[PDB]
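Residue numbers (the entry's author numbering), protein chains in the order written: chain V, 1045 to 1342; chain D, 790 to 930; chain H, 846 to 945; chain G, 1284 to 1376; chain A, 45 to 207; chain X, 15 to 642; chain E, 90 to 165, 215 to 237, 242 to 447, 552 to 599; chain U, 499 to 547.
For each residue, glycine too, the CB sits at the ideal point set by N, CA and C.
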RNA sequence: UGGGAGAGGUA
DNA sequence: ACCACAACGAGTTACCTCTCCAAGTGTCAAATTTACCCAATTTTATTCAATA
DNA sequence: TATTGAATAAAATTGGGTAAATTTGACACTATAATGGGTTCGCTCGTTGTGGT
Ligand SMILES: [Mg+2]
Ligand SMILES: [Zn+2]
Ligand SMILES: [Zn+2]
Ligand SMILES: [Zn+2]
């Protein structure tokens, strides 16, 4: 039954926006609420603004402290990479760069690996520093990780505050925040719950065959279900007219919803509800079960 | 969550047809309210145990003041402070299970509308309100 | 009858066929947006489901047994993006098309 | 029903019936309410519709679930005045 | 135009509220014609207005009575108005048809005016079937032939703008 | 439209034929060469109606000129296709068959009607044991179920004095031959002699069943089906798939089995078949009708080709995914959207951020009405293409329509009534809904990926119900307890706690300030800290014995932050509610006290101001979490 | 054991296990009982002279050369002289019927000349079905006269049987019933016009068959017990072969039908194989039964998977056009009539022959 | 062909592969399910397993 | 047209 | 009378995302429609005249 | 000078029926031997309905 199929392939490039779910590796999820300007973001004493502001109230009741330790170790890693980037921008030597990279590699207490740079060439050390200028990658095994002493020794190597908390200034008022704020580098993921894929609204579309109620889904342009629990909420309010217009003219009242649409276009916000076609379907099915049910004209 | 949802649905369907359809059923029945002192301490004081109810009769004691609240009074915070300063321990208030109304309850037997602060208007689905109020903190249980 | 994949589409402007080829297919590389037509398909003489705005007008005046339905593959609403590949699978036996 | 029958029997001067109240469960009370449409939409539609078809019951549409299934204004909130107006219209005439 | 579309769409039961509009328009037409006829304007305001309104409903129902009226289809031709001749197809061999002998090809059974006469004589009983035949029924078939003209001029103003 | 009650009863065979529109004889659904339904089938257009609006089947009367005629070429009445989902049919079963509900819905009510065991009744219906109906001799009383051996030797003994039958015809003869009022008076006689509560309860159950039958006015032989009604064929459609093949309906399959076995029973009955073959065919027709009415009730459910049991009419009435709970108590609903929710920390308590594209889809006929009122669009199609191209006047008309038109925001599961509330929408860019932070406790919402549904109230009564009942500023107190649901949560709480909390030697301690405005001046200029213990002059108010406020002024000992919080505390509350370190319980008690003293509107304004200052001073605190 | 089961195929297999299988001799002597039954109904309709004059009018109706004698007689160039011999039998049974052992020997000779007519089955059961509807007419006639004997008496009717088992044709039983004056006989004067209608009916049937009532009554009794024994032998044959139906239907199980439907269509095929079974062909029963069983099962499962007469004689028989037409082409183009065109062909054959 | 294509197409354990990232592919391939043909059933299992 | 299953996921 | 077994039903709310679901052709009796015949009734025009 | 109560042909409509066309469901089409079948259990909790000592 198929003559020919044409398969078109789009390619959307999706930027982040308010509504997108972002997450870290410790169960620290959440939704982007606002995309702030960089003059409005908080900044340190060097004028570098932060990229993401996270709430510290999500830490104590959830007890994911690896979030904070990853933040501290990422701050130390980017400080080491910043020192290597400063040496590469000053174009200093190869000997001082080899010495500093070796001094950063030999910092652990009883770490297993021994990275020796004396066996390295000069172009190998230059390629390694060109890959290390954006931060030194650090392997922290599970249940075998770095400790606070190693993190603080790395932060003291990178000429950073050993407590992992710097002074931040307000980008708007210019004033200083009163207490020192934890600033560092955390690995954040963009999850596949995108508000472009979740946003969906419908006024009037297509309807089901039997029930004459609207369809369901963003794919087929459907309406949201007003379930039994939402009916109970409107019953508890007493919003009888709102509930009746959910039940009839926004739904399976075929001769009432067209009247409501033309009434809204005519500027008359008044409905004329009738019997639900799903109730007519139910009456026909109980009649087909061999049971005479009928409406009683008083 | 599954068990509390099923319990909330059972409660809404057992209490769906209850609506305040009268202002005063005209009864003398009531429930003897008392501060629950189970265990070794007071669990709920009489003030919040009786706050918003409607008294089935007067309170009768020589006591410290011989306070005579009238019959069928909505107990506000003022009357709660009156009973506290006159040291009352047993108040008989009109409950819902002793209402004289057929097919619904009266407004005096219910008492204060807890969402609006005044007496309940006739025509409010108190059964759906009560079933949702009981079945909402099942997730906290 | 068969549904035809073709360049001509009834009751659209020239702001729809601005990206189609001569065979009705979109070009590889076309910066389309939401609501644009990628490949135009028209039903044969006789529609498939009629709107009640003109269903009474096809009842009391006469269903013409003509004036085919627009049934084109459109980009969904709020979806931009370019077109990176088109693939046409024709049935074995018939002559395919110029674009295919 | 017992209280209304005893009301009218002691009004017109009869002896009246005596009773003993029973504490049904929540499921059993929801299934033993006198609205077969409400009980069938709650649970056990086969049993409830079979018993109602045998007894020849009729739902007078006095509950919120019944007036929601039928698609009318509920007798609660803003629909309560309309429902008591409809009750006095079907009772006066 | 609007009277034609309203009366036709109320007859064939689509946008089913213009039946009352056709009643009121035919009542205003009865107000127009009642000044130039003798036996109609012999009453006061309310009585003549009410009986001309119910006569307008009866004339519209006589226009509304089609082959799909409940209880009016021809029993033999089943509404078609076309029966086959066994004798003529036998002596000719070609397929040939005749007029339906029962309903005379109109398809249905029309409505008698005596039902309207019995419905209006419970207010004015002194008018009889001589008066009903010589005075009322010329007005009645005048209204139904006028609504036929209204339907046809709606058809002409339709196929002038669509064909 | 005008109806008071809804009555339910059994269906007489004349009533089942009365709802019908033609007997279904052949089991073919549609022809598969051309898409045209076969005559006397399950989709027959001569029985149920034409498949096109005002068009016969063979194409002879295609216009509305023939508003109804029976086209003699094909028998199809030329009407609208809306009657396809309203016209029923019927099947005349050759042998009568038992209804499965009135047999296997416990208590059986046929066994309760006849005081027979259900095992004996199923033994009769399965053609295994005869049951006598009448007997002229005293040796065979009524309902004495006999085996085949007892039936044959009683046949050689008496022959024509008795008459025992088998199958559902025997049970229909028993129900027809029983006497209702005679059994009523006999049971009311026998009630008094017994004394055990079990036997007494059995007698009251039987007398209640018999009195219910008499008072209803049905007949007991209508529990045995002789005519079976057919559902209209647009309530069991034949949906076509994308492969050209069909996924046929379970009701069409079950009606096909019932019709095939009934037609074969008709052929075997008029063919004078042997008794064993005709009894097997009667038993198979009984099983097919019982499967169609309720598949899983009697035996093993008839499963389809996909190894799944077939949905019956009872399966379409009952359950969570049945008609009541899935399409009658709760429906799907037009004028409704759904999006992910974000924070609205700039909003007020009655406001919500609605996206522009969401609101433009939700409010489209209101936009068409304003466009045709302003005259910018000539017709509905011009207004539709104007909204399709999204002119600046379309966005201006949307801004005019949105204003003072509340929408309902709802988050599932709606456990209590504050899971739906009304808000005045604010048109925002972006694709996420902005929720006020103080309603997230009553919604049980957070912003880790929650979604909410929007609903637009259309009518004037619905808009007034949303404004006067379901507005978020109208339910400040809970319906469960009297306590306020608008409690500040964790960030407002952290900010006001840091604001009010003191310190011993902070900066600018021991000063004497003219007031809260000088305290705010000192803090914003940087000459004092928030926690400096200082002496300010607080003018506080108090309601008198009447409703008027008396003023008083004193030198209080406090901090700077409590003085700044006093700027937003309304007139009527004391300084004792501000003069301590405010936690969550203290802020909730302050809001409840403001409610009980002042009312609703100062409480809403006070909750908004509390949220704003708590957010601002939690931000200015710079509180963090370190490993130290 | 009956009781705790609900599977209907299990109940079928349990209730079919009562019967036993048949040997080689079993099909032979059950077919002998079948031949006994059909020869019994044949000899009891052979003595009836109305069947004899019916076969003679059938003979000179088929002698009008509208149909060949192939679908009239199978076998015994001889039918013409044998029907002349039957006409001589007709004239002797017409002239010496008046005198009374001559009637006995002549009906005995009609029965033995009846036996060599090895005719086709369809014309034979059509003509004896015409005999069946006329004896059903006289059967409801005698039932009508019994109920008009009972419906106004309200007495013990046994004495009317003792006075009615004689000739029951004249009015001697009527005067012997009324004149003896039991308390029903004086109020039973209102039956006189209906018993006189019964007398004129009795003279009418006496002139329509030339034979009294008791002999045709016991001959109807004899052919009814003959066809009862034939149908009982058919039933006892076909109940002992359902295992063959299950064995053939065992292969077609998951091809679209449920298992019980396949064995019911196989039972229909087995009944059709029993009804047209021939036992003088050496094979026992099974090789003839399996073709009908497989045919019915495969057919069911495949099902589940003047001027006008002149021109239709032209188009149907193909008279001077390009292509010939069957009944379906003219039944599409001319009118929705399909088999009515075949009856038009039959009427044209009758009007041309 | 019917048996193996029924299994490999529409078994309960023949699953549409998650390939957001490489981690989703490797975790879907290294998955163990207690449900399936002849295993447990989802609504009919409690805290013991 | 748009139904029903199965699988997975979010709050 | 009391105990020990079978069968039904129920298990949150939405939301999404995917995939998957052989060949007509001629013949017969019955019953079914169908074109049509005809009394009963009754709806509509048409004559008399008789009040006005 | 006129409009209309009573009366009456009289043709259309209702209802019933009826003999002749016409559908409609079935059946033909045929003979080595064959003779008894494949289909769910790791769910709990509770409730109500059925059968022995
Ligand atoms: Mg959350
Ligand atoms: Zn009360
Ligand atoms: Zn006609
Ligand atoms: Zn047609």
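Counting of Cβ neighbours within 10 angstroms places residue 389(X) among the exposed residues, the total staying below 16. Annotation: Cβ neighbours of residue 1339(G) in chain X (cutoff 9 Å, chain order): 21, 22, 23, 24, 226, 227, 229, 230, 231 and 232. For residue 72(X), the shortest separation between its Cβ and any heavy atom of ligand 4 lies below 7 Å. Not flagged as an interface residue toward chain G: residue 1270(V), since no C-beta distance is shorter than 8 Å. Distance from the CA atom of residue 127(X) to the CA atom of residue 1316(G), rounded to whole angstroms, is 24 Å. Under the three-state reduction of DSSP, residue 361(E) is assigned to helix. Just so you know, the alpha carbons of residue 380(E) and residue 115(E) end up roughly 12 Å apart.
Using a Cβ distance threshold of 8 Å, residue 305(X) and residue 316(X) count as a contacting pair. The continuous alpha helix (DSSP H) containing residue 454(X) extends over residues 454-457. Counting only the Cα atoms, residue 891(H) lies some 22 Å from residue 858(H). Restricting attention to 571(E), 599(E), 309(E) and 335(E), the CA atom closest to the CA of residue 358(E) is found in 309(E). For residue 135(A), the enclosing alpha helix (DSSP H) begins and ends at 130-136. Taking C-beta atoms under 8 Å as the contact rule, residue 1295(V) and residue 470(X) fail to qualify, at a distance of about 14 Å.
For residue 895(H), no Cβ of chain A is located within less than 8 Å of the residue's own Cβ. With respect to the 8 Å criterion, residue 154(E) and residue 599(E) are classified as neighbours on the basis of their beta carbons.
By the Cβ criterion, the region 393-409 of chain E is not in contact with the region 357-377 of chain E, since fewer than three pairs of Cβ atoms, one from each stretch, lie closer than 8 Å. Beta-bridge partners assigned by DSSP to residue 568(X): 552(X). Using a cutoff of 7 Å, the CB of residue 146(A) counts as near ligand 3, since one of the ligand's heavy atoms is closer than that.
Taking a C-beta distance under 8 Å as the contact criterion, residue 1328(G) and residue 331(X) qualify as a contact pair.
Residues of the region 351-371 of chain X with a C-beta atom less than 9 Å from some C-beta of chain H are 371, listed in chain order. Chain X places a beta carbon closer than 8 Å to that of residue 97(E), counting this residue as a contact.
For the options 807(D), 796(D) and 822(D), the alpha carbon positioned closest to that of residue 1308(G) is the one of 796(D). In summary, the residues of the region 415-432 of chain X whose CB is separated from some CB of chain V by less than 9 Å are 422, 424, 426, 427, 428, 429, 430, 431 and 432, in the order they occur in the chain. The DSSP-derived three-state label of residue 58(X) is coil.
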